[PDB]
$ cat input16.cif   # mmCIF, C-alpha atoms and all ligand atoms
data_coords
#
loop_
_atom_site.label_atom_id
_atom_site.label_comp_id
_atom_site.auth_asym_id
_atom_site.auth_seq_id
_atom_site.Cartn_x
_atom_site.Cartn_y
_atom_site.Cartn_z
CA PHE A 61 -17.72 10.33 -13.99
CA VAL A 62 -16.76 9.14 -10.55
CA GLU A 63 -18.95 6.53 -8.93
CA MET A 64 -15.41 5.67 -7.77
CA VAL A 65 -14.93 8.38 -5.12
CA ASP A 66 -15.15 6.92 -1.60
CA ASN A 67 -15.18 3.35 -2.95
CA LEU A 68 -12.70 2.24 -0.23
CA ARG A 69 -13.27 1.40 3.45
CA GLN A 74 -6.88 -3.06 9.35
CA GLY A 75 -6.40 -2.33 5.66
CA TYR A 76 -8.33 -0.72 2.82
CA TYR A 77 -10.90 -2.74 0.93
CA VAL A 78 -13.14 -2.31 -2.11
CA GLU A 79 -16.43 -4.06 -2.85
CA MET A 80 -16.27 -6.56 -5.69
CA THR A 81 -18.55 -9.27 -7.05
CA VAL A 82 -17.51 -12.71 -8.20
CA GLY A 83 -19.57 -15.29 -10.15
CA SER A 84 -23.09 -15.52 -11.61
CA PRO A 85 -25.34 -14.49 -9.86
CA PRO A 86 -22.95 -11.84 -8.42
CA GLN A 87 -21.48 -12.78 -5.03
CA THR A 88 -20.72 -9.60 -3.02
CA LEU A 89 -17.35 -9.64 -1.26
CA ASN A 90 -15.02 -7.14 0.43
CA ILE A 91 -11.51 -7.26 -1.01
CA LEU A 92 -8.29 -5.73 0.33
CA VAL A 93 -6.55 -3.40 -2.12
CA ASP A 94 -2.99 -4.72 -2.23
CA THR A 95 -0.29 -3.09 -4.40
CA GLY A 96 2.38 -5.34 -2.85
CA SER A 97 1.14 -8.65 -4.27
CA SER A 98 -0.32 -9.96 -7.55
CA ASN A 99 -2.91 -12.66 -6.80
CA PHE A 100 -6.64 -12.20 -6.71
CA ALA A 101 -7.27 -14.52 -3.79
CA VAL A 102 -10.58 -14.96 -1.97
CA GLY A 103 -11.85 -17.05 0.94
CA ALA A 104 -13.75 -20.00 -0.56
CA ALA A 105 -14.26 -22.21 2.50
CA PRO A 106 -15.58 -21.34 5.98
CA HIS A 107 -13.23 -19.69 8.48
CA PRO A 108 -13.78 -18.43 12.06
CA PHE A 109 -12.90 -14.88 10.90
CA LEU A 110 -14.98 -15.08 7.70
CA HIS A 111 -18.64 -14.12 7.78
CA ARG A 112 -18.98 -14.75 4.01
CA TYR A 113 -16.98 -16.42 1.24
CA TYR A 114 -16.82 -17.31 -2.45
CA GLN A 115 -18.90 -20.38 -3.25
CA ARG A 116 -17.83 -21.73 -6.63
CA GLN A 117 -20.74 -24.22 -6.79
CA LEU A 118 -23.22 -21.32 -6.79
CA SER A 119 -21.49 -19.75 -9.80
CA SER A 120 -22.81 -20.70 -13.22
CA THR A 121 -19.81 -19.02 -14.85
CA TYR A 122 -17.13 -20.69 -12.73
CA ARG A 123 -14.46 -22.68 -14.53
CA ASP A 124 -11.99 -24.96 -12.74
CA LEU A 125 -8.35 -24.67 -13.87
CA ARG A 126 -7.40 -27.98 -12.18
CA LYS A 127 -4.38 -26.57 -10.36
CA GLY A 128 -3.56 -25.77 -6.74
CA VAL A 129 -1.64 -22.94 -5.12
CA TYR A 130 0.52 -23.13 -2.00
CA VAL A 131 1.64 -19.91 -0.28
CA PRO A 132 3.62 -20.27 2.98
CA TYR A 133 5.20 -17.29 4.80
CA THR A 134 6.82 -16.51 8.18
CA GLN A 135 3.83 -17.03 10.58
CA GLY A 136 1.22 -18.90 8.50
CA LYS A 137 0.04 -19.68 4.96
CA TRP A 138 -2.80 -19.94 2.47
CA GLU A 139 -3.74 -22.81 0.14
CA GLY A 140 -6.49 -23.13 -2.44
CA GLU A 141 -7.47 -24.07 -5.93
CA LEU A 142 -7.21 -22.02 -9.13
CA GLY A 143 -10.15 -21.15 -11.34
CA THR A 144 -11.61 -18.31 -13.40
CA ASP A 145 -14.90 -16.46 -13.06
CA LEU A 146 -16.58 -13.17 -13.91
CA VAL A 147 -15.43 -10.28 -11.73
CA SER A 148 -16.92 -6.78 -11.37
CA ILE A 149 -16.29 -3.76 -9.16
CA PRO A 150 -19.75 -2.20 -8.58
CA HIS A 151 -18.29 1.21 -7.64
CA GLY A 152 -15.64 1.20 -10.36
CA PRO A 153 -15.60 0.89 -14.16
CA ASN A 154 -18.85 -0.43 -15.67
CA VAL A 155 -17.30 -3.64 -17.00
CA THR A 156 -17.19 -7.36 -16.22
CA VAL A 157 -13.94 -9.31 -16.68
CA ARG A 158 -13.00 -12.98 -16.64
CA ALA A 159 -10.17 -13.02 -14.09
CA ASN A 160 -8.16 -15.72 -12.35
CA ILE A 161 -9.27 -16.43 -8.80
CA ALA A 162 -7.38 -18.33 -6.10
CA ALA A 163 -10.14 -19.90 -4.04
CA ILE A 164 -8.68 -20.19 -0.52
CA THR A 165 -9.71 -23.49 1.12
CA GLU A 166 -7.15 -23.56 3.97
CA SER A 167 -5.17 -20.83 5.72
CA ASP A 168 -3.64 -19.71 9.02
CA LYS A 169 -2.76 -16.15 10.11
CA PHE A 170 -4.05 -14.83 6.75
CA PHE A 171 -7.53 -13.50 7.61
CA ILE A 172 -7.88 -10.82 10.28
CA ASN A 173 -10.51 -10.78 13.03
CA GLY A 174 -13.02 -7.94 12.44
CA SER A 175 -11.20 -6.58 9.37
CA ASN A 176 -14.32 -6.84 7.17
CA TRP A 177 -12.61 -8.22 4.05
CA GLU A 178 -12.91 -11.73 2.59
CA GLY A 179 -10.17 -11.59 -0.04
CA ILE A 180 -7.15 -9.82 -1.51
CA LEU A 181 -6.71 -7.92 -4.78
CA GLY A 182 -3.07 -8.11 -5.81
CA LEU A 183 -2.36 -5.13 -8.04
CA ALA A 184 1.35 -5.79 -8.57
CA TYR A 185 2.79 -7.52 -11.65
CA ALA A 186 2.83 -11.12 -12.94
CA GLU A 187 6.48 -11.70 -11.94
CA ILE A 188 5.52 -12.19 -8.29
CA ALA A 189 2.20 -14.05 -8.85
CA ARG A 190 1.69 -17.55 -7.42
CA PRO A 191 2.36 -20.24 -8.38
CA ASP A 192 4.27 -18.46 -11.18
CA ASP A 193 4.15 -15.56 -13.68
CA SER A 194 1.80 -17.37 -16.10
CA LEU A 195 -1.17 -16.63 -13.84
CA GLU A 196 -2.33 -13.31 -15.25
CA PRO A 197 -3.08 -10.83 -12.41
CA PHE A 198 -6.50 -9.15 -12.25
CA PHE A 199 -5.48 -5.71 -13.55
CA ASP A 200 -3.67 -7.33 -16.50
CA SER A 201 -6.93 -9.17 -17.36
CA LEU A 202 -8.93 -5.95 -16.88
CA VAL A 203 -6.80 -3.88 -19.30
CA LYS A 204 -6.58 -6.62 -21.96
CA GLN A 205 -10.30 -7.47 -21.88
CA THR A 206 -11.75 -3.95 -21.64
CA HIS A 207 -10.87 -0.46 -22.90
CA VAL A 208 -9.82 0.78 -19.43
CA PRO A 209 -6.45 2.59 -19.68
CA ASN A 210 -3.45 0.85 -18.07
CA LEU A 211 -3.47 3.06 -14.97
CA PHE A 212 -5.02 3.39 -11.52
CA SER A 213 -5.00 5.87 -8.62
CA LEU A 214 -5.16 5.47 -4.85
CA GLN A 215 -6.30 8.08 -2.34
CA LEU A 216 -6.06 6.67 1.17
CA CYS A 217 -7.52 9.02 3.80
CA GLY A 218 -7.30 7.21 7.15
CA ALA A 219 -9.15 8.28 10.31
CA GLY A 220 -8.79 11.99 11.25
CA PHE A 221 -10.39 14.28 13.85
CA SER A 231 -12.84 3.53 10.48
CA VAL A 232 -10.96 4.61 7.35
CA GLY A 233 -12.11 5.78 3.90
CA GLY A 234 -10.63 6.42 0.45
CA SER A 235 -10.97 6.18 -3.34
CA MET A 236 -9.59 3.78 -5.94
CA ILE A 237 -9.84 5.29 -9.38
CA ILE A 238 -9.30 2.72 -12.12
CA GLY A 239 -8.28 3.90 -15.59
CA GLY A 240 -7.51 7.49 -14.66
CA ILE A 241 -6.69 10.50 -12.52
CA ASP A 242 -9.43 12.40 -10.67
CA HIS A 243 -8.13 15.98 -10.38
CA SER A 244 -10.55 16.80 -7.55
CA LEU A 245 -8.69 14.24 -5.38
CA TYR A 246 -5.40 16.14 -5.24
CA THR A 247 -3.91 19.58 -4.75
CA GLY A 248 -1.09 21.19 -6.75
CA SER A 249 1.71 19.32 -8.50
CA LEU A 250 1.86 15.64 -9.58
CA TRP A 251 5.45 14.38 -9.29
CA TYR A 252 6.55 11.10 -10.90
CA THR A 253 9.17 8.58 -9.79
CA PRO A 254 9.92 5.75 -12.24
CA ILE A 255 8.94 2.13 -11.59
CA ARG A 256 12.40 0.55 -11.57
CA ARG A 257 11.23 -2.96 -12.50
CA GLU A 258 7.79 -4.42 -13.09
CA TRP A 259 7.38 -6.94 -10.26
CA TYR A 260 6.49 -5.09 -7.07
CA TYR A 261 5.93 -1.37 -7.59
CA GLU A 262 9.65 -0.75 -7.06
CA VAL A 263 11.04 2.77 -6.80
CA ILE A 264 14.32 4.43 -5.71
CA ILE A 265 14.79 6.69 -2.70
CA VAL A 266 17.77 9.01 -3.25
CA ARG A 267 17.76 10.67 0.20
CA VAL A 268 15.89 11.07 3.49
CA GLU A 269 15.83 13.82 6.09
CA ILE A 270 14.27 14.11 9.53
CA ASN A 271 13.24 17.74 10.18
CA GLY A 272 15.40 18.98 7.29
CA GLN A 273 18.36 17.00 8.66
CA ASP A 274 19.96 14.65 6.12
CA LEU A 275 20.64 11.11 7.36
CA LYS A 276 23.70 11.45 5.05
CA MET A 277 23.75 7.69 4.31
CA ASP A 278 24.86 6.08 1.08
CA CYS A 279 21.91 6.10 -1.33
CA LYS A 280 21.95 2.28 -1.58
CA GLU A 281 21.04 1.92 2.12
CA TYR A 282 17.60 3.47 1.50
CA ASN A 283 16.83 0.84 -1.13
CA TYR A 284 18.87 -1.87 0.56
CA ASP A 285 17.54 -4.83 -1.32
CA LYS A 286 14.66 -2.70 -2.70
CA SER A 287 12.07 0.00 -2.01
CA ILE A 288 8.37 -0.56 -2.77
CA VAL A 289 5.01 1.21 -2.64
CA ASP A 290 2.63 -1.14 -0.80
CA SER A 291 -0.99 -0.34 0.12
CA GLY A 292 -1.23 -3.73 1.94
CA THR A 293 1.28 -2.68 4.63
CA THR A 294 0.39 -0.25 7.43
CA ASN A 295 3.86 0.98 8.38
CA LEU A 296 6.79 2.75 6.84
CA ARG A 297 9.30 -0.08 6.98
CA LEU A 298 12.96 0.87 6.74
CA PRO A 299 16.08 -1.28 6.35
CA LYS A 300 17.94 -2.01 9.62
CA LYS A 301 20.62 0.70 9.22
CA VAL A 302 18.16 3.41 8.10
CA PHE A 303 15.60 2.50 10.81
CA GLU A 304 18.17 2.93 13.59
CA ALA A 305 19.25 6.32 12.18
CA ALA A 306 15.63 7.42 11.77
CA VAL A 307 14.55 6.60 15.37
CA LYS A 308 17.72 8.20 16.77
CA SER A 309 16.81 11.41 14.91
CA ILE A 310 13.14 11.24 15.99
CA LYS A 311 14.04 10.54 19.67
CA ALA A 312 16.32 13.60 19.67
CA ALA A 313 13.74 15.98 18.14
CA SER A 314 11.09 14.70 20.58
CA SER A 315 13.47 14.68 23.58
CA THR A 316 11.44 17.12 25.74
CA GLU A 317 9.62 14.42 27.75
CA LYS A 318 10.43 10.86 26.62
CA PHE A 319 8.62 7.56 25.90
CA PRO A 320 9.21 3.86 26.75
CA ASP A 321 11.32 1.93 24.22
CA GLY A 322 8.39 -0.44 23.68
CA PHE A 323 6.75 2.51 21.90
CA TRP A 324 9.69 2.92 19.48
CA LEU A 325 9.51 -0.80 18.60
CA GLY A 326 5.82 -0.44 17.67
CA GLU A 327 4.58 -2.57 20.58
CA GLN A 328 3.40 -0.06 23.19
CA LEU A 329 0.98 2.81 22.55
CA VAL A 330 1.36 6.38 23.84
CA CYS A 331 -1.58 8.43 25.12
CA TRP A 332 -2.44 12.04 25.84
CA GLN A 333 -6.07 13.19 26.19
CA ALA A 334 -8.49 14.62 23.59
CA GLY A 335 -6.35 17.31 21.91
CA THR A 336 -3.26 18.19 23.99
CA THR A 337 -1.25 15.92 21.65
CA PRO A 338 2.10 17.73 21.16
CA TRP A 339 2.43 17.09 17.39
CA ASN A 340 4.99 19.90 16.94
CA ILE A 341 7.36 17.98 19.25
CA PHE A 342 7.69 15.26 16.58
CA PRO A 343 9.67 15.99 13.37
CA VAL A 344 8.59 15.74 9.72
CA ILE A 345 10.03 13.02 7.42
CA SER A 346 10.95 13.83 3.81
CA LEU A 347 11.56 10.98 1.38
CA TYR A 348 13.29 12.11 -1.80
CA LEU A 349 12.45 9.88 -4.73
CA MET A 350 14.29 9.72 -8.07
CA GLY A 351 12.71 11.90 -10.75
CA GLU A 352 11.98 11.07 -14.38
CA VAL A 353 15.12 13.06 -15.26
CA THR A 354 18.15 11.24 -13.75
CA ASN A 355 19.65 14.10 -11.73
CA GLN A 356 16.23 15.47 -10.82
CA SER A 357 14.39 14.30 -7.70
CA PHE A 358 11.38 15.29 -5.57
CA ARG A 359 10.42 15.04 -1.89
CA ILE A 360 7.46 13.55 -0.11
CA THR A 361 7.03 15.08 3.34
CA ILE A 362 5.03 13.26 6.02
CA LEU A 363 3.77 14.61 9.35
CA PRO A 364 3.64 12.86 12.78
CA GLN A 365 -0.12 12.68 12.10
CA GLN A 366 0.79 10.01 9.54
CA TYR A 367 3.50 7.95 11.29
CA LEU A 368 1.70 8.03 14.66
CA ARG A 369 -1.56 6.15 14.01
CA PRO A 370 -4.49 6.28 16.51
CA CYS A 381 -3.47 6.83 22.02
CA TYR A 382 -1.04 6.32 19.11
CA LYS A 383 1.29 3.60 17.82
CA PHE A 384 4.64 4.35 16.19
CA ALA A 385 3.97 3.25 12.61
CA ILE A 386 7.63 3.11 11.51
CA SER A 387 9.25 -0.33 11.84
CA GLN A 388 12.45 -2.21 10.94
CA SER A 389 12.60 -4.23 7.72
CA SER A 390 14.85 -7.07 6.54
CA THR A 391 13.36 -7.01 3.02
CA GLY A 392 14.05 -3.36 2.11
CA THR A 393 11.94 -0.20 2.33
CA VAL A 394 8.15 -0.51 2.31
CA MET A 395 6.16 2.66 1.69
CA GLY A 396 2.90 1.45 3.22
CA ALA A 397 -0.46 3.04 4.10
CA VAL A 398 0.85 5.53 6.70
CA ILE A 399 2.94 7.23 4.01
CA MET A 400 0.31 6.87 1.24
CA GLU A 401 -2.35 8.53 3.42
CA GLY A 402 -2.55 12.25 2.64
CA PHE A 403 -1.03 11.70 -0.79
CA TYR A 404 -2.77 10.92 -4.05
CA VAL A 405 -0.80 8.03 -5.54
CA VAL A 406 -0.99 7.31 -9.27
CA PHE A 407 0.12 3.87 -10.50
CA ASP A 408 0.78 4.80 -14.13
CA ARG A 409 1.61 1.31 -15.44
CA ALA A 410 1.28 2.58 -19.01
CA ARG A 411 4.26 4.96 -18.53
CA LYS A 412 6.13 2.87 -15.90
CA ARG A 413 5.90 5.52 -13.20
CA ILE A 414 4.25 6.43 -9.92
CA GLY A 415 2.93 9.95 -9.36
CA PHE A 416 2.57 11.76 -6.05
CA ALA A 417 0.48 14.81 -5.22
CA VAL A 418 -0.83 16.30 -1.96
CA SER A 419 -4.25 14.79 -1.28
CA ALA A 420 -7.57 16.58 -0.80
CA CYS A 421 -7.99 14.62 2.47
CA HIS A 422 -4.52 14.82 4.14
CA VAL A 423 -4.49 15.29 7.94
CA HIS A 424 -2.49 18.30 9.15
CA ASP A 425 -2.14 21.01 11.80
CA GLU A 426 -2.20 24.81 11.33
CA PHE A 427 1.63 24.85 11.21
CA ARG A 428 2.78 22.05 8.88
CA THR A 429 1.32 20.19 5.91
CA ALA A 430 2.04 17.00 3.99
CA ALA A 431 4.00 18.15 0.96
CA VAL A 432 5.01 17.06 -2.54
CA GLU A 433 7.81 19.37 -3.67
CA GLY A 434 10.36 19.48 -6.50
CA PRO A 435 12.58 19.45 -8.31
CA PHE A 436 15.70 18.91 -6.23
CA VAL A 437 18.87 17.94 -8.07
CA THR A 438 20.94 15.04 -6.72
CA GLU A 442 24.06 8.34 -7.98
CA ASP A 443 23.47 4.59 -8.61
CA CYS A 444 21.22 4.05 -5.50
CA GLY A 445 19.63 0.85 -6.86
CA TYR A 446 20.60 -2.19 -4.80
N1 LIG B 501 2.98 -7.70 1.33
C1 LIG B 501 1.77 -7.34 0.77
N2 LIG B 501 1.54 -6.02 0.43
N3 LIG B 501 0.80 -8.31 0.53
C2 LIG B 501 0.95 -9.71 0.81
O1 LIG B 501 1.96 -10.18 1.32
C3 LIG B 501 -0.27 -10.52 0.44
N4 LIG B 501 -0.31 -11.68 1.33
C4 LIG B 501 0.13 -12.95 0.99
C5 LIG B 501 0.68 -13.31 -0.32
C6 LIG B 501 2.04 -13.65 -0.44
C7 LIG B 501 2.57 -13.99 -1.69
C8 LIG B 501 1.75 -13.99 -2.83
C9 LIG B 501 0.40 -13.65 -2.72
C10 LIG B 501 -0.13 -13.31 -1.47
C11 LIG B 501 -0.08 -13.74 2.11
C12 LIG B 501 -0.64 -12.94 3.13
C13 LIG B 501 -0.79 -11.65 2.64
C14 LIG B 501 -1.31 -10.44 3.31
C15 LIG B 501 -2.68 -10.23 3.56
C16 LIG B 501 -3.12 -9.05 4.20
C17 LIG B 501 -2.19 -8.07 4.58
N5 LIG B 501 -2.45 -6.84 5.25
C18 LIG B 501 -3.34 -6.62 6.30
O2 LIG B 501 -4.08 -7.43 6.83
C19 LIG B 501 -3.37 -5.23 6.82
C20 LIG B 501 -3.59 -4.99 8.19
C21 LIG B 501 -3.61 -3.67 8.68
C22 LIG B 501 -3.41 -2.60 7.80
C23 LIG B 501 -3.18 -2.86 6.44
BR1 LIG B 501 -2.91 -1.43 5.25
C24 LIG B 501 -3.16 -4.16 5.94
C25 LIG B 501 -0.83 -8.29 4.33
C26 LIG B 501 -0.39 -9.45 3.70
#
$ encode --input "input16.cif" --output "structure tokens"
Amino acid sequence: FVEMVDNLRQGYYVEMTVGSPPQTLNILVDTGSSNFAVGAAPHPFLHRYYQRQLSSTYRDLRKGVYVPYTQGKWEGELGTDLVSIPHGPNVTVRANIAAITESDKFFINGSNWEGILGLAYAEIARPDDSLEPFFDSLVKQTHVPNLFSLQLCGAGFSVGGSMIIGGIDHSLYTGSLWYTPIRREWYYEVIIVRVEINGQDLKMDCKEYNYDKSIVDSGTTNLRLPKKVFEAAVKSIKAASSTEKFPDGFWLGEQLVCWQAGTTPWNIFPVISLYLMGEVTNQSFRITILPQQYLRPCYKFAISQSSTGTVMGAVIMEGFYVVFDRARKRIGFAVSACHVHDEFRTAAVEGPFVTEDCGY
């Protein structure tokens, strides 16, 4: 069964091997992109990298990739090689690999990963949708079911977790698995039908929550909310946590806030419930997150403003077991075996609630 439990370890990475003989690398698990991209030239921040010349099973595709973004970029050439996940399914797959030769502001100092595993769909793959993403190759080439699960655990008092490919490990979650449909197969896009802060509805038009789009992204730390929703959220959090106040550099995710050891007044901060569209249009279900999740360890406010829609990143995925059921075009949520909570409140997955349009 699961040689896959605790296979995850500044982001969550899994161990993979590339080439022949196998070249061990640490690879970020990223549900918000679709390239399998690995460092393949020396970098100050890289202590190891993919060396194509050492791979007997490397094939050049004679094609480059260029990926600029607001801050830096990555460039490399495209090839294919044999790819395994030692603590995953016992298979080897020929997958596309973007060998990164030049980059800036891509690799992180001390992160411990040398590449990225894009688990989203072909539509958003570089340079275009013809470059089959890794998981697409995996399913087609092997008998692994078109599904994977993510249990991100965080710190608690270095991060750990499990990535279960081709199935659902029932020992990883508690209670009920609730599914929200994948709206479109590009990012893992979903629809948020309502949000409340401490049971208090933001009462905004449904479309504001998905203003542009809403995605589930393991490669983002924060819960990122569209401008209008962010401002409403922080106003509601500031009010609930009014008894003794913080600098506004804290609310913008710049400044940290410290108490000592265990005095931390968690119950001063409110819970956040995200209601996601159910499989029955009319039906919905909530995902409730504690301050233990949106205040990440001294703590930083891990909710930030977005200009590209809602991003449900790591801080909301932690404490939930998240199933990426590509086969049935849906994403399941269940309370995780590892969720961090106090003796008064718990992360929750509850439903149904009956509630639209909402899609932007
Ligand atoms: N939006 C995503 N989910 N993923 C990306 O944008 C992937 N990506 C790309 C990229 C852009 C387009 C296509 C293919 C790749 C460039 C730089 C990153 C890139 C690389 C690493 C990280 N994340 C982290 O380093 C990280 C740091 C702390 C916590 C966590 Br969780 C992640 C984010 C983006």
$ closest_residue --input "input16.cif" --among "A:418, A:203, A:164, A:84" --to "residue 106 of chain A" --atoms "all atoms listed in the file"
A:164
$ residues_near_ligand --input "input16.cif" --ligand "ligand LIG 501 (chain B)" --cutoff "7 Å" --atoms "all atoms listed in the file" --output "count of residues only"
26
$ closest_residue --input "input16.cif" --among "A:284, A:150, A:348, A:169" --to "residue 134 of chain A" --atoms "all atoms listed in the file"
A:169
$ closest_residue --input "input16.cif" --among "A:335, A:103, A:182, A:351" --to "residue 413 of chain A" --atoms "all atoms listed in the file"
A:351
$ axis_aligned_box --input "input16.cif" --around "segment 165-182 of chain A" --padding-each-side "6 Å" --output "lines of an AutoDock Vina configuration file"
center_x = -8.5
center_y = -15.1
center_z = 3.6
size_x = 23.6
size_y = 29.0
size_z = 30.8
$ residues_around --input "input16.cif" --residues "residue 446 of chain A" --least-positions-apart "5" --cutoff "8 Å" --atoms "all atoms listed in the file" --output "ChimeraX atom specification"
/A:280,283-286
$ closest_atom_pairs --input "input16.cif" --of "segment 173-203 of chain A" --to "segment 210-221 of chain A" --cutoff "12 Å" --atoms "all atoms listed in the file" --output "CSV"
residue,atom,partner,partner_atom,distance
A:183,CA,A:212,CA,9.6
A:184,CA,A:212,CA,11.6
A:198,CA,A:210,CA,12.0
A:199,CA,A:210,CA,8.2
A:200,CA,A:210,CA,8.3
A:201,CA,A:210,CA,10.6
A:202,CA,A:210,CA,8.8
A:203,CA,A:210,CA,5.9
$ write_last_selection --input "input16.cif" --atoms "C-alpha atoms" --output "PDB file, in the frame of the given file"
ATOM      1  CA  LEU A 183      -2.360  -5.130  -8.040  1.00  0.00           C
ATOM      2  CA  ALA A 184       1.350  -5.790  -8.570  1.00  0.00           C
ATOM      3  CA  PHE A 198      -6.500  -9.150 -12.250  1.00  0.00           C
ATOM      4  CA  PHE A 199      -5.480  -5.710 -13.550  1.00  0.00           C
ATOM      5  CA  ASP A 200      -3.670  -7.330 -16.500  1.00  0.00           C
ATOM      6  CA  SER A 201      -6.930  -9.170 -17.360  1.00  0.00           C
ATOM      7  CA  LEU A 202      -8.930  -5.950 -16.880  1.00  0.00           C
ATOM      8  CA  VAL A 203      -6.800  -3.880 -19.300  1.00  0.00           C
TER       9      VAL A 203
END
$ residues_around --input "input16.cif" --residues "residue 195 of chain A" --least-positions-apart "6" --cutoff "12 Å" --atoms "only C-alpha atoms" --output "ChimeraX atom specification"
/A:98-101,125,127-129,142-144,159-162,182,185-189,201
$ write_last_selection --input "input16.cif" --atoms "C-alpha atoms" --output "mmCIF file, keeping the file's coordinate frame"
data_model
loop_
_atom_site.group_PDB
_atom_site.id
_atom_site.type_symbol
_atom_site.label_atom_id
_atom_site.label_comp_id
_atom_site.auth_asym_id
_atom_site.auth_seq_id
_atom_site.Cartn_x
_atom_site.Cartn_y
_atom_site.Cartn_z
ATOM 1 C CA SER A 98 -0.320 -9.960 -7.550
ATOM 2 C CA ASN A 99 -2.910 -12.660 -6.800
ATOM 3 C CA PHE A 100 -6.640 -12.200 -6.710
ATOM 4 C CA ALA A 101 -7.270 -14.520 -3.790
ATOM 5 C CA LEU A 125 -8.350 -24.670 -13.870
ATOM 6 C CA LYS A 127 -4.380 -26.570 -10.360
ATOM 7 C CA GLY A 128 -3.560 -25.770 -6.740
ATOM 8 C CA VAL A 129 -1.640 -22.940 -5.120
ATOM 9 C CA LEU A 142 -7.210 -22.020 -9.130
ATOM 10 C CA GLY A 143 -10.150 -21.150 -11.340
ATOM 11 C CA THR A 144 -11.610 -18.310 -13.400
ATOM 12 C CA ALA A 159 -10.170 -13.020 -14.090
ATOM 13 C CA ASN A 160 -8.160 -15.720 -12.350
ATOM 14 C CA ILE A 161 -9.270 -16.430 -8.800
ATOM 15 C CA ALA A 162 -7.380 -18.330 -6.100
ATOM 16 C CA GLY A 182 -3.070 -8.110 -5.810
ATOM 17 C CA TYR A 185 2.790 -7.520 -11.650
ATOM 18 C CA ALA A 186 2.830 -11.120 -12.940
ATOM 19 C CA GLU A 187 6.480 -11.700 -11.940
ATOM 20 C CA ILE A 188 5.520 -12.190 -8.290
ATOM 21 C CA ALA A 189 2.200 -14.050 -8.850
ATOM 22 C CA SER A 201 -6.930 -9.170 -17.360
#
$ residues_near_point --input "input16.cif" --point "(-20.0, 2.9, -8.3)" --cutoff "6 Å" --atoms "only C-alpha atoms" --output "PDB file with C-alpha atoms, in the coordinates of the input"
ATOM      1  CA  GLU A  63     -18.950   6.530  -8.930  1.00  0.00           C
ATOM      2  CA  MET A  64     -15.410   5.670  -7.770  1.00  0.00           C
ATOM      3  CA  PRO A 150     -19.750  -2.200  -8.580  1.00  0.00           C
ATOM      4  CA  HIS A 151     -18.290   1.210  -7.640  1.00  0.00           C
ATOM      5  CA  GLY A 152     -15.640   1.200 -10.360  1.00  0.00           C
TER       6      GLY A 152
END
$ atom_distance --input "input16.cif" --atom1 "atom CA of residue 415 of chain A" --atom2 "atom CA of residue 390 of chain A"
26.2 Å
$ atom_distance --input "input16.cif" --atom1 "atom CA of residue 231 of chain A" --atom2 "atom CA of residue 338 of chain A"
23.2 Å
$ atom_distance --input "input16.cif" --atom1 "atom CA of residue 323 of chain A" --atom2 "atom CA of residue 92 of chain A"
27.6 Å
$ residues_around --input "input16.cif" --residues "residue 246 of chain A" --least-positions-apart "6" --cutoff "9 Å" --atoms "only C-alpha atoms" --output "list in words"
residues 215, 403, 404, 417, 418, 419, 420 and 421 of chain A
$ residues_around --input "input16.cif" --residues "residue 386 of chain A" --least-positions-apart "4" --cutoff "7 Å" --atoms "only C-alpha atoms" --output "number ranges by chain"
A: 295-297, 367
$ closest_residue --input "input16.cif" --among "A:411, A:111, A:256, A:369" --to "residue 289 of chain A" --atoms "only C-alpha atoms"
A:256
$ closest_residue --input "input16.cif" --among "A:333, A:90, A:346, A:316" --to "residue 361 of chain A" --atoms "all atoms listed in the file"
A:346
$ residues_near_point --input "input16.cif" --point "(10.3, 14.7, -3.5)" --cutoff "10 Å" --atoms "all atoms listed in the file" --output "list in words"
residues 251, 252, 253, 265, 266, 267, 268, 346, 347, 348, 349, 350, 351, 356, 357, 358, 359, 360, 361, 416, 417, 431, 432, 433, 434, 435 and 436 of chain A
$ write_last_selection --input "input16.cif" --atoms "C-alpha atoms" --output "mmCIF file, in the coordinates of the input"
data_model
loop_
_atom_site.group_PDB
_atom_site.id
_atom_site.type_symbol
_atom_site.label_atom_id
_atom_site.label_comp_id
_atom_site.auth_asym_id
_atom_site.auth_seq_id
_atom_site.Cartn_x
_atom_site.Cartn_y
_atom_site.Cartn_z
ATOM 1 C CA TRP A 251 5.450 14.380 -9.290
ATOM 2 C CA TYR A 252 6.550 11.100 -10.900
ATOM 3 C CA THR A 253 9.170 8.580 -9.790
ATOM 4 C CA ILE A 265 14.790 6.690 -2.700
ATOM 5 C CA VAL A 266 17.770 9.010 -3.250
ATOM 6 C CA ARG A 267 17.760 10.670 0.200
ATOM 7 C CA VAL A 268 15.890 11.070 3.490
ATOM 8 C CA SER A 346 10.950 13.830 3.810
ATOM 9 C CA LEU A 347 11.560 10.980 1.380
ATOM 10 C CA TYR A 348 13.290 12.110 -1.800
ATOM 11 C CA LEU A 349 12.450 9.880 -4.730
ATOM 12 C CA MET A 350 14.290 9.720 -8.070
ATOM 13 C CA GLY A 351 12.710 11.900 -10.750
ATOM 14 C CA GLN A 356 16.230 15.470 -10.820
ATOM 15 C CA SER A 357 14.390 14.300 -7.700
ATOM 16 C CA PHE A 358 11.380 15.290 -5.570
ATOM 17 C CA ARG A 359 10.420 15.040 -1.890
ATOM 18 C CA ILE A 360 7.460 13.550 -0.110
ATOM 19 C CA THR A 361 7.030 15.080 3.340
ATOM 20 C CA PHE A 416 2.570 11.760 -6.050
ATOM 21 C CA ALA A 417 0.480 14.810 -5.220
ATOM 22 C CA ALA A 431 4.000 18.150 0.960
ATOM 23 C CA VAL A 432 5.010 17.060 -2.540
ATOM 24 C CA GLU A 433 7.810 19.370 -3.670
ATOM 25 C CA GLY A 434 10.360 19.480 -6.500
ATOM 26 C CA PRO A 435 12.580 19.450 -8.310
ATOM 27 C CA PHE A 436 15.700 18.910 -6.230
#
